[PDB]
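Here the structure is laid out as structure tokens; the discussion comes afterwards.
Note that we place each Cβ from the backbone using ideal geometry, even for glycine, and neighbour counts take in every protein chain shown. What follows draws every value from the coordinates through simple rules; no lab data is involved.
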Amino acid sequence: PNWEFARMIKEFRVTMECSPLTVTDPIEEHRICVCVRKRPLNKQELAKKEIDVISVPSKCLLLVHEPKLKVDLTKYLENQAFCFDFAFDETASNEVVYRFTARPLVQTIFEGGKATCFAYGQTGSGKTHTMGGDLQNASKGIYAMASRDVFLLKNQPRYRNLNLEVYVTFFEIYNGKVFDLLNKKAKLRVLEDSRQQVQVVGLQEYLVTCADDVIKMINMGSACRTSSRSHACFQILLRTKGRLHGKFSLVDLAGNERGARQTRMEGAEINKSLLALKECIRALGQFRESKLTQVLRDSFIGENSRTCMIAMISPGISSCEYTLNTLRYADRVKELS
Ligand SMILES: Nc1ncnc2c1ncn2[C@@H]1O[C@H](COP(=O)(O)OP(=O)(O)O)[C@@H](O)[C@H]1O
Ligand SMILES: [Mg+2]
């Protein structure tokens, strides 16, 4: 047969119908969740008469109206379809996006589980807008939202007898070097031991109690950081006896369009890490180690470990080549599940 094609086709088909009952399902463990989010064209983009070339006709489908010239100059479209677990159009808010990406994973930490949620995509696409908050608005972004609901889940009966402390970290990863955003960008050192386990020495874990505390911390970190070229990782830890119960690492990745002049070849580092991250993620469905995947190594290797990739799309015509690139990385992540 042509079975590889048949398999790829099936995988497409299956994803193309899904209810929101599939990721949020009990008793099936959707370990890997891949999403896409089209942001609207902004006024500068409108001002430059940019054509919106992206459509999101269903919850599980996204279309690229790839503009093309035939050899004889004749204009046409190659309308390309991609399907994801969720696809959010230019109307979907952060709270809506949060509801189907990260929120499901909150419970995983209170179940003694590890969680990761990545914002992936080109620069100016909305990674920080989604994760940090409206570009700022710490409270209108996933970091905060996840936290809001971490506190809510502790006050429920089922999870009150755990005697939990809520800790919080926040750091930047830039050219192989970690920097604590809660400790004045202090350059930290990353140690692997014999067991191949990682420690980020001197990474400050602030205890928190209310959501507003966390909003304060997120704003300190974001402030004490000054765009792309660097990863940002905000973590939420639940400790019981100062022993770690569960961990949610929320990451605002770097610009994915730097496959690379001379010596601004941080784009080498950025590339290695994104390639790394991809491989790591696909190991959570069963190399070239980067500082990012090293620091997050526990959050993939685990038994109850879950993840969520949110691919950000810039809808402009001028961005199409970058958009198509973003979508292939995303396709290639879903590929194993
Ligand atoms: N879904 C959206 N709705 C409205 N504005 C958005 C949206 N996504 C991004 N933006 C705006 O676009 C700009 C670029 O977003 P940003 O998240 O900083 O890009 P990047 O993810 O590359 O860092 C910001 O001003 C942000 O407020
Ligand atoms: Mg941003």
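Among the residues of the range 201-215, at least one is among the aromatic types (F, W, Y) and over 28 Å from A311 (Cβ atoms).
Only residues that are in contact with a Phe, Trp or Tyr (Cβ under 9 Å, 6 or more places away or on another chain), farther than 19 Å from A311 by Cα and either of a type in the set (A, V, I, L, M) or within 16 Å of ligand 2 (Cβ to nearest atom) (or both) were counted in the range 146-160, giving 2.
Where in the range 42-132 are the strands (runs of 3 or more DSSP E), entirely inside, with at least 1 residues that are of a type in the set (S, T, Y), under 29 Å from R306 (Cβ atoms) and within 16 Å of ligand 1 (Cβ to nearest atom)? Write out each step before concluding.
Values: elements: 54-58, 61-69, 75-83, 86-88, 114-121.
So the answer is 114-121.
Within the range 317-337, being of a type in the set (S, T, N, Q) and either surrounded by fewer than 20 Cβ atoms within 10 Å (Cβ to Cβ) or part of a helix (DSSP H, G or I) (or both) holds for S318, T323, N325, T326, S337. Considering the range 215-249, and only residues there that are within 14 Å of ligand 1 (Cβ to nearest atom) and surrounded by 22 or more Cβ atoms within 10 Å (Cβ to Cβ), the residue that is farthest from the chain's Cα centre (by Cα) turns out to be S222.
Of the residues screened, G255 is not one that is more than 16 Å from ligand 2 (Cβ to nearest atom) and surrounded by fewer than 23 Cβ atoms within 10 Å (Cβ to Cβ).
Conditions (1) within 20 Å of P104 (Cβ to Cβ); (2) of a type in the set (S, T, Y); (3) surrounded by 16 or more Cβ atoms within 10 Å (Cβ to Cβ), marked per residue:
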site	(1), (2), (3)
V14	yes, no, no
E17	yes, no, no
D25	yes, no, no
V34	yes, no, yes
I54	no, no, yes
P57	no, no, no
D72	no, no, no
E78	no, no, no
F82	no, no, yes
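Against the numbered list (1) within 16 Å of ligand 2 (Cβ to nearest atom); (2) farther than 21 Å from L238 by Cβ, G141 comes up short only at (2).
Here's the yes/no breakdown for (1) of a type in the set (F, W, Y); (2) closer than 27 Å to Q156 by Cα:
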site	(1), (2)
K38	no, no
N42	no, no
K49	no, no
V56	no, no
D72	no, no
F82	yes, no
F88	yes, no
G113	no, yes
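The residue that is surrounded by the fewest Cβ atoms within 10 Å (Cβ to Cβ), among those in the range 118-138 that are among the hydrophobic types (A, V, I, L, M, F, W, C) and near ligand 2 (Cβ under 10 Å from one of its atoms), is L135. Among residues of the range 213-228 that are within 16 Å of ligand 2 (Cβ to nearest atom), those with a beta-carbon under 6 Å from a residue that is not in a helix (DSSP H, G or I) at least six positions away or on a different chain give the pairs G221/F170; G221/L181; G221/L182; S222/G132; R225/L181; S228/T123; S228/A254; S228/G255.
Name the single residue, out of those in the range 139-149 being surrounded by fewer than 22 Cβ atoms within 10 Å (Cβ to Cβ) and more than 13 Å from ligand 1 (Cβ to nearest atom), that is farthest from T108 (Cα to Cα).
We begin by selecting, within the range 139-149, every residue surrounded by fewer than 22 Cβ atoms within 10 Å (Cβ to Cβ); these are 139-140, 148-149.
Right, trim to more than 13 Å from ligand 1 (Cβ to nearest atom) and you get 139, 148-149.
On the way: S139: 22, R148: 15, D149: 12 Å.
Within the range 139-149, the match that is farthest from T108 (Cα to Cα) is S139.
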